[PDB]
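Colleague: Can you read through this structure? Questions will come right after.
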Number of protein chains: 2
Amino acid sequence: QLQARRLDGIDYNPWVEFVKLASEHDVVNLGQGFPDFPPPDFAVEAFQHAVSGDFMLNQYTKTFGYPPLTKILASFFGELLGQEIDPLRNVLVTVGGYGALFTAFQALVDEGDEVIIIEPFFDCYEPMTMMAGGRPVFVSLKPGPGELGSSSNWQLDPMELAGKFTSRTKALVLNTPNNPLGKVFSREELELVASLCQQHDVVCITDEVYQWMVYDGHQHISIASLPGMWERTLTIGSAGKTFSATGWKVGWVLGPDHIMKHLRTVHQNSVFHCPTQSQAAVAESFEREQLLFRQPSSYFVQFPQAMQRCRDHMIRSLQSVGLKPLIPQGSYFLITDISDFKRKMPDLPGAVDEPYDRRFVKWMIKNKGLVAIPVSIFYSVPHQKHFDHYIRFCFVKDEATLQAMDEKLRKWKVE
Amino acid sequence: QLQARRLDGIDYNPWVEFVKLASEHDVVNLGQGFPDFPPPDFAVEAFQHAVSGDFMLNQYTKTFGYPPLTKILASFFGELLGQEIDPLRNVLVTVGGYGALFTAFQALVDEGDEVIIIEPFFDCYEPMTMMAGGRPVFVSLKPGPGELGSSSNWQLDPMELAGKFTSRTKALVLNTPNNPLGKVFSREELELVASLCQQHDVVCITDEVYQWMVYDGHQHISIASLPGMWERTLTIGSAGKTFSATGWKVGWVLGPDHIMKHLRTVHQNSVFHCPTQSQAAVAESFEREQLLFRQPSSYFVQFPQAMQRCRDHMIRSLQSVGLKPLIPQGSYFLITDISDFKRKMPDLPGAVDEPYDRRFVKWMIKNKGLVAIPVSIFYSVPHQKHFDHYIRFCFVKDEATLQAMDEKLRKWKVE
Ligand SMILES: *Cc1c(COP(=O)(O)O)cnc(C)c1O
Ligand SMILES: *Cc1c(COP(=O)(O)O)cnc(C)c1O
Ligand SMILES: N[C@@H](Cc1ccccc1)C(=O)O
Ligand SMILES: N[C@@H](Cc1ccccc1)C(=O)O
C-alpha cells in the first residue's frame, strides 16, 4: 500500500543471502561474476587519464553519451555488426548493461505484453519484465543426449519456441554468450530466433555483455547483423565484461532510432547523464582495441586465450571430484551437473522445498570451502524442481585463486 | 503502441533545444547548472586515488553503496540531521540526485497517487511522477508585495497548500534550497509542510542537492530533522553540487528502513551497482570535509563565500541593464524578472503561444550573446502564461566568465 504495485514479487534477491553466507567462512570465491585480478593496464591508465586531464571532464557530459564514447561505439560496433550506426540516433550509454536492460524494459514493456525469456536466464530478466507489467513467458534450453557435456548441445527446440509467440509478445530476451550456461548461439539458432521475430513483429532485446569471452574458436554473432534485423534488435554491451572492470558500470545499447527514441525518454527521465570520466576511460579503451583489432597483442585476442586456459583448468579440477562440467563456448562461467551428488547425498540441511542445488551450494560453502551459485536462481519458479541439479562456477580468476581452489578440491578428494 | 504508455507526455525535453541554439552562437553560457572551474583539489585527488589504488576498486562494490561511502554518509549526515542513521538500512547510493528522485518516485508513486509539486519546480518532478502513473498536483510559491526582490519573500500560502492534500496524496516534493528560485525554506515553512505531512500521512521526498550553497547567513534546515519527520522523509543529495563535480553523478537517499526497503527494490531491479571509484572519491571527500567541519579552510565554508561573491557580482551586473534580479538565499541560481522588457518589447520571434520568457531567451542568445533558461520550463503548462516573465541565471562561474558576461552586458547597454 505505501509502495507501488510494480514492486510486487520482484523484491526478493537471491544474491545478498548467499554472498553473506560466503563471508562467514574461509572460502575460495567462484560465484562472483567479476575478475579478481586487475583490468588491463591500458584501461586503468585510461581512467587515470580522464580523472587527471581536462578538468571539465569532472562536469556534466551529454545526456545520451559522452561524444568520444558514442563515436567509437558507432564506429567499432558499426563495423562488427556491418551496420551504419549514427552515434546520436543509434547509441545510448547506460549505467552498465544492467541499466541498459532496465531502460529497454521500461521503454517497451507494458501491462499485457509478454516477454519470451530463455532459461537458464540471467535472473533480472524476469523481475524487470514484471516491474514493467509484462508477463514472462519461458522457454528452456534442453541439453542433448562422452560424459562431460557441452553448452552448444543445449538446444532451443524450434517447435517449442514458435509456440511461445502470441499476439501479445512484445520482446524476446536473447543473451549470448549465455549467463550462466556459456552457450554461444549458432548462426542457425540466431536465424531461428530472427525468423520468428520478423514474423510476429517482436523486438529482440539482446544482451551481448560477453561478446568477447568466446573460446575454442566459436564465433560471437549478433542477431542485429542478420538481414532485416537491425530494425527490431536492441544490442546491449558492458564495459565491465569487455575490459574486466565491472565496477566501472558503463554499458550501452545500439539499436534503430524508432526504438531508441523510447530508450532515450526513459533515460532522460531516470538518470539523464552517465558519469563523464568512466565514459572517457571506456572511449579510450575501445580506441586502443580497435587500433589493434585482431592483433596478437589486442586484449580481445589475449584475454580469451588466457581465460580459455582458466576454463580448461577448472574443468579438469572439478571433474576429478565427481562434478560433471558443461564446457562453455563463452561467458565467464561454466555450470556443473551435480546429479551424482544428489543420488549419493539426497537429504540436505535446507528449508522447505528449497531446490537441491541451493541446499548443495550451502553444504559445499560450509564443509568444503568453495562458492558456486545454484543454477535454479536462473529458472522460472515452476521449473526449479526439474532443473535443480546444476551449479555455476566463475573461472575468470587469478592463478592464485585456481591454486587455492585445487587446495580445497584435494582436501575434499580424501572423502 | 510499440512503446509503453508510461512514456506518454514525458517525452519532451526543453533542455537539448536550447543548449543547441547556444552552440550555434558566440555566447557567455549562464544556463548551465554546473561550474566551469575545477572541483577543489582534495576531491579531484580523491578520484585520482580511487583509480590508482587497490586494483579491486575497478570491480563491483556492494549493491546499496560502497561501504566507506555509506559509513561517512550515516556519520556526517546523522550528525547534521540529528539522526541515528544506519548505513545499511537508511542510506542508498544512486546515480546522482537525479537517479535518487527516480528511484524514490518508482518506489512510491502508483496509478492514482497525487504528488504535490511546488512551483517553480526542478522540471523532472513532473514527468517522473507521470511515468509512475501519478498525478502532479501543483502549488505556487507567490512573490510578496525596494525594487530588487528576494527569494525568501516568495510565499507558500498555508491555506492554498493545505487545500492541495487529498486522501490520494502519496508524496510532496520539497526542494531546498530551490532550483531555480534559490529559496531557502525557513523553519516555519518546513514546519508548515511537516505539519500537513504528518496529518495526512504523506511522504516528503526532499531534494537537498543544494544543501551547502547557502548565502547571507541563511541556514540549510532538513525537514527530516523535524520532530516525527524522519519516519516519513526521503532526503536526497548529490556529490556533484556538493563538490562541484557534476559529471561524477553520485547521489544518495537517506530515509527510514520501511520506506528505503522499496527504494532498494527499485535500485536492485534497475542499476544494481553504482560505479565503485566515484563512490570512493566521494567517501574520501566527505571525510576531508567532516575532519574540517566549520573550519575557515573547509570547502563548505570557503565555497559559499566565493559563490556569494559571484552572486553579488551577477546581481549588480544584470540590474544595470534593466533586469530585475531576485536575490537567492541559496542554490547555483538567481532568477530575474523581465516584466520590463515584456512591455518595452512585447512581440518577439517565437512559435505560437510560446511563453514570453522562452521567446526572450532565444532573442537574447542571438542578439546580446547571453544564455539563461526560461523559468516557465519549471511551471505546470497551465501556469506558464501567468509565470512567463522570469529567466534563470547560473552565477557559479569562473571570473573570466563574469568578465565576459560584463563585456556582453556593456555592448548591450549602448541601446
Ligand atoms: C554481469 C551481467 C550484466 C551486467 O552488466 P553490468 O555492466 O555489470 O551492468 C548484464 N547481463 C549479464 C548476462 C551479465 O552477466
Ligand atoms: C542538478 C540537480 C539535480 C541533479 O543532481 P545530479 O547529482 O546531477 O543527479 C537534482 N535536483 C536539482 C534540484 C538539481 O538542480
Ligand atoms: N552478472 C554477474 C554479476 C552481476 C550480478 C548481479 C547484477 C549485475 C551483474 C553474475 O551473474 O555473477
Ligand atoms: N540541475 C541543473 C543541471 C541538470 C539539468 C538536467 C538534469 C539534472 C541536472 C540545472 O537545472 O541546469
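By convention here, the chains of the C-alpha cells are called A, B, ... in the order presented, each chain's residues are numbered starting at 1, and ligands are numbered starting at 1 in the order presented.
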Using only C-alpha atoms and a distance of at most 7 Å, pull out the residues of chain A that contact chain B, as an MDAnalysis selection string.
Modeller: chainID A and resid 2:5 11 34 36 38 47:48 51:52 55:61 95 98:99 102 107:110 124 127:128 245:249 262 265 269:271 274:276
Colleague: Among region 173-347 of chain A, which residues carry a DSSP assignment of helix (DSSP H, G or I), reported as a VMD selection string?
Modeller: chain A and resid 187 to 200 223 to 225 230 to 232 239 to 243 246 to 248 257 to 268 276 to 291 299 to 319 339 to 344
Colleague: Between CA of residue 414 (chain A) and CA of residue 311 (chain A), what is the distance in Å, rounded to a tenth?
Modeller: 24.0 Å
Colleague: When you count only C-alpha atoms and all ligand atoms, which of these residues is closest to ligand 4: A:25, A:267, A:135, A:316?
Modeller: A:267
Colleague: Check region 79-278 of chain B with DSSP on the backbone and list each residue it calls strand (DSSP E), as a ChimeraX atom specification.
Modeller: /B:91-94,114-119,135-140,149-150,169-175,203-207,233-238,251-254
Colleague: Take the residues from that selection and put them in a file with C-alpha atoms, as a short mmCIF file (atom, residue, chain, number, x, y, z; two decimals), in the first residue's frame.
Modeller:
data_model
loop_
_atom_site.label_atom_id
_atom_site.label_comp_id
_atom_site.auth_asym_id
_atom_site.auth_seq_id
_atom_site.Cartn_x
_atom_site.Cartn_y
_atom_site.Cartn_z
CA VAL B 91 21.38 5.05 3.01
CA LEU B 92 21.26 4.25 -0.74
CA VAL B 93 23.85 5.49 -3.19
CA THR B 94 22.29 6.35 -6.55
CA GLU B 114 -1.10 12.52 -6.27
CA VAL B 115 2.28 14.17 -5.79
CA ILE B 116 2.28 17.75 -4.60
CA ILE B 117 4.89 19.71 -6.53
CA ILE B 118 5.73 23.30 -5.56
CA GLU B 119 6.38 25.73 -8.42
CA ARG B 135 -0.97 12.92 -10.90
CA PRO B 136 1.04 16.03 -10.23
CA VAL B 137 -0.78 18.48 -8.05
CA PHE B 138 0.75 21.95 -8.22
CA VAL B 139 1.11 24.78 -5.73
CA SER B 140 2.84 28.02 -6.47
CA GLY B 149 13.34 41.10 -4.96
CA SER B 150 14.17 38.33 -2.54
CA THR B 169 -1.67 12.31 -1.87
CA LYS B 170 1.25 9.92 -1.67
CA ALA B 171 4.17 12.39 -1.59
CA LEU B 172 5.19 16.05 -1.55
CA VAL B 173 8.31 17.05 -3.38
CA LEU B 174 10.26 19.65 -1.38
CA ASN B 175 13.31 21.15 -2.94
CA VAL B 203 5.93 11.08 2.35
CA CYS B 204 8.15 14.07 1.87
CA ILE B 205 10.64 13.49 -0.94
CA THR B 206 13.04 16.26 -0.27
CA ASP B 207 15.67 17.25 -2.79
CA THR B 233 11.02 11.86 4.78
CA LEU B 234 13.41 10.89 1.95
CA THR B 235 16.41 13.15 1.81
CA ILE B 236 18.34 13.22 -1.43
CA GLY B 237 21.75 14.72 -2.00
CA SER B 238 24.31 14.95 -4.78
CA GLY B 251 24.00 10.92 -5.14
CA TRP B 252 22.31 9.24 -2.19
CA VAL B 253 18.94 9.00 -0.41
CA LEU B 254 18.71 8.88 3.43
#
Colleague: One number please: CA of residue 42 (chain B) to CA of residue 40 (chain A), in Å, one decimal.
Modeller: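 Separating CA of residue 42 (chain B) from CA of residue 40 (chain A) is a distance of 27.2 Å.
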Colleague: For ligand 1, which of A:177, A:382, A:14, A:355 is the closest residue, counting only C-alpha atoms and all ligand atoms?
Modeller: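 Comparing A:177, A:382, A:14, A:355 against ligand 1, the winner is A:177.
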Colleague: How many Å lie between CA of residue 120 (chain A) and CA of residue 152 (chain A), rounded to one decimal?
Modeller: 13.4 Å
Colleague: Please provide as a compact mmCIF listing (two decimals) with C-alpha atoms, in the first residue's frame all residues within 9 Å of region 75-78 of chain A, with the sequence filter that same-chain residues fewer than 4 positions apart are discarded (counting only C-alpha atoms).
Modeller:
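Written out: part-v5.txt:
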# COMPACT_ATOMS: atom_id res chain seq x y z
CA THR A 70 29.40 7.33 -28.79
CA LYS A 71 31.85 8.00 -31.69
CA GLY A 82 28.08 -4.43 -40.54
CA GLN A 83 25.74 -1.52 -39.81
CA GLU A 84 25.55 2.21 -40.39
CA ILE A 85 25.38 3.32 -36.75
CA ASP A 86 24.72 7.04 -36.06
CA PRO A 87 26.04 7.84 -32.53
CA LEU A 254 22.76 0.07 -30.01
CA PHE A 286 37.90 0.90 -27.34
CA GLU A 287 40.15 3.19 -29.36
CA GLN A 290 40.21 -1.05 -32.48
Colleague: For region 330-345 of chain A, please output as a tab-separated table (two decimals) with N, CA, C and O atoms, in the first residue's frame all residues within 8 Å (counting only C-alpha atoms; exclusion window: fewer than 2 positions along the same chain).
Modeller:
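File written: selection_39.tsv
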chain	number	residue	atom	x	y	z
A	33	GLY	N	30.65	-12.92	-10.45
A	33	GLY	CA	30.78	-12.69	-11.88
A	33	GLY	C	31.74	-11.57	-12.26
A	33	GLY	O	31.44	-10.78	-13.14
A	177	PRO	N	27.11	-14.43	-25.53
A	177	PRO	CA	27.05	-15.75	-24.89
A	177	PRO	C	26.16	-15.74	-23.62
A	177	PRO	O	25.99	-14.69	-22.97
A	178	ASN	N	25.60	-16.91	-23.28
A	178	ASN	CA	24.65	-17.05	-22.18
A	178	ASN	C	25.28	-17.16	-20.78
A	178	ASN	O	26.22	-17.97	-20.56
A	179	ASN	N	24.76	-16.35	-19.86
A	179	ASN	CA	24.93	-16.48	-18.39
A	179	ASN	C	23.70	-17.21	-17.88
A	179	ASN	O	22.57	-16.73	-18.13
A	180	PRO	N	23.83	-18.35	-17.18
A	180	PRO	CA	25.09	-18.95	-16.70
A	180	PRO	C	25.65	-20.15	-17.51
A	180	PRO	O	26.66	-20.72	-17.09
A	181	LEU	N	25.00	-20.50	-18.62
A	181	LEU	CA	25.35	-21.72	-19.38
A	181	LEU	C	26.67	-21.62	-20.15
A	181	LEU	O	27.40	-22.58	-20.25
A	182	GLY	N	26.95	-20.43	-20.69
A	182	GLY	CA	28.07	-20.23	-21.58
A	182	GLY	C	27.79	-20.71	-23.01
A	182	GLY	O	28.75	-20.87	-23.79
A	183	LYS	N	26.51	-20.93	-23.36
A	183	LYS	CA	26.10	-21.15	-24.74
A	183	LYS	C	26.44	-19.95	-25.64
A	183	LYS	O	26.19	-18.77	-25.30
A	184	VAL	N	27.02	-20.26	-26.80
A	184	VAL	CA	27.26	-19.25	-27.80
A	184	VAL	C	26.29	-19.62	-28.91
A	184	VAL	O	26.49	-20.60	-29.60
A	210	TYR	N	28.81	-10.56	-22.93
A	210	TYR	CA	30.00	-11.46	-23.00
A	210	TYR	C	30.65	-11.58	-24.36
A	210	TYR	O	31.57	-12.40	-24.51
A	211	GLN	N	30.18	-10.78	-25.32
A	211	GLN	CA	30.68	-10.76	-26.69
A	211	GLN	C	32.12	-11.29	-26.84
A	211	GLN	O	32.35	-12.15	-27.67
A	213	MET	N	34.21	-12.85	-24.68
A	213	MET	CA	34.67	-14.06	-23.98
A	213	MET	C	34.05	-15.19	-24.74
A	213	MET	O	32.97	-15.67	-24.37
A	214	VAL	N	34.74	-15.60	-25.81
A	214	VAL	CA	34.38	-16.77	-26.61
A	214	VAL	C	35.62	-17.62	-26.75
A	214	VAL	O	36.74	-17.11	-26.88
A	215	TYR	N	35.43	-18.93	-26.73
A	215	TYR	CA	36.54	-19.90	-26.66
A	215	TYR	C	36.50	-20.93	-27.81
A	215	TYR	O	35.53	-20.96	-28.59
A	311	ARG	N	39.48	-21.72	-17.86
A	311	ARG	CA	38.33	-22.57	-18.04
A	311	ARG	C	38.78	-24.03	-18.07
A	311	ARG	O	38.28	-24.85	-17.28
A	322	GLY	N	34.00	-35.50	-8.95
A	322	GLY	CA	32.67	-36.06	-9.11
A	322	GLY	C	31.73	-35.14	-9.87
A	322	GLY	O	30.71	-35.59	-10.40
A	323	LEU	N	32.07	-33.86	-9.91
A	323	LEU	CA	31.31	-32.86	-10.64
A	323	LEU	C	31.38	-33.12	-12.15
A	323	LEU	O	32.43	-33.51	-12.68
A	324	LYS	N	30.26	-32.91	-12.86
A	324	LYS	CA	30.22	-33.15	-14.29
A	324	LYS	C	30.11	-31.82	-15.04
A	324	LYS	O	28.98	-31.38	-15.30
A	325	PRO	N	31.24	-31.19	-15.39
A	325	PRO	CA	31.23	-29.88	-16.06
A	325	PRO	C	30.53	-29.83	-17.45
A	325	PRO	O	30.56	-30.82	-18.20
A	326	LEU	N	29.91	-28.69	-17.77
A	326	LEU	CA	29.42	-28.46	-19.13
A	326	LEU	C	30.35	-27.43	-19.74
A	326	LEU	O	30.43	-26.31	-19.28
A	327	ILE	N	31.06	-27.82	-20.78
A	327	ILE	CA	32.10	-26.97	-21.28
A	327	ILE	C	31.31	-25.87	-21.90
A	327	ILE	O	30.46	-26.15	-22.71
A	328	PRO	N	31.61	-24.63	-21.50
A	328	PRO	CA	31.07	-23.43	-22.14
A	328	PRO	C	31.84	-22.99	-23.40
A	328	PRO	O	33.06	-23.10	-23.49
A	347	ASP	N	19.46	-36.01	1.04
A	347	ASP	CA	18.83	-35.19	2.06
A	347	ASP	C	19.86	-34.22	2.54
A	347	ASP	O	20.93	-34.63	2.97
A	348	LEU	N	19.55	-32.94	2.47
A	348	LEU	CA	20.49	-31.96	2.96
A	348	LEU	C	19.79	-30.89	3.77
A	348	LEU	O	18.65	-30.52	3.46
A	356	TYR	N	17.36	-28.60	-4.75
A	356	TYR	CA	18.61	-29.24	-4.33
A	356	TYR	C	19.87	-28.40	-4.46
A	356	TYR	O	20.67	-28.30	-3.53
A	357	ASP	N	20.05	-27.78	-5.62
A	357	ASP	CA	21.28	-27.05	-5.88
A	357	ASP	C	21.55	-25.95	-4.84
A	357	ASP	O	22.68	-25.70	-4.48
A	375	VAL	N	22.18	-22.91	-10.00
A	375	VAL	CA	21.57	-22.57	-11.28
A	375	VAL	C	20.04	-22.30	-11.24
A	375	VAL	O	19.49	-21.58	-12.10
A	389	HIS	N	19.66	-29.49	-10.46
A	389	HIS	CA	20.94	-30.21	-10.37
A	389	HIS	C	22.15	-29.54	-10.99
A	389	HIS	O	23.13	-30.23	-11.28
A	390	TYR	N	22.11	-28.23	-11.22
A	390	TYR	CA	23.31	-27.59	-11.74
A	390	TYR	C	23.79	-26.50	-10.83
A	390	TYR	O	22.98	-25.84	-10.17
A	391	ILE	N	25.10	-26.29	-10.78
A	391	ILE	CA	25.65	-25.16	-10.05
A	391	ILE	C	26.65	-24.43	-10.93
A	391	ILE	O	27.18	-25.01	-11.89
A	392	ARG	N	26.92	-23.17	-10.61
A	392	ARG	CA	27.58	-22.29	-11.58
A	392	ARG	C	28.91	-21.75	-11.05
A	392	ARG	O	28.96	-21.12	-9.95
A	393	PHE	N	29.98	-22.00	-11.81
A	393	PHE	CA	31.31	-21.52	-11.42
A	393	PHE	C	31.84	-20.43	-12.33
A	393	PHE	O	31.58	-20.41	-13.56
A	394	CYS	N	32.59	-19.52	-11.72
A	394	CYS	CA	33.27	-18.47	-12.47
A	394	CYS	C	34.78	-18.77	-12.53
A	394	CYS	O	35.47	-18.82	-11.51
A	395	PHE	N	35.30	-18.98	-13.74
A	395	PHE	CA	36.71	-19.37	-13.94
A	395	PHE	C	37.55	-18.13	-14.32
A	395	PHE	O	38.76	-18.23	-14.54
A	396	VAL	N	36.91	-16.96	-14.41
A	396	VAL	CA	37.69	-15.76	-14.70
A	396	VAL	C	38.38	-15.34	-13.41
A	396	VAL	O	37.86	-14.52	-12.64
Colleague: Considering only C-alpha atoms and all ligand atoms, state which residue in the set A:241, A:230, A:201, A:282 is at the smallest distance from ligand 3.
Modeller: A:241
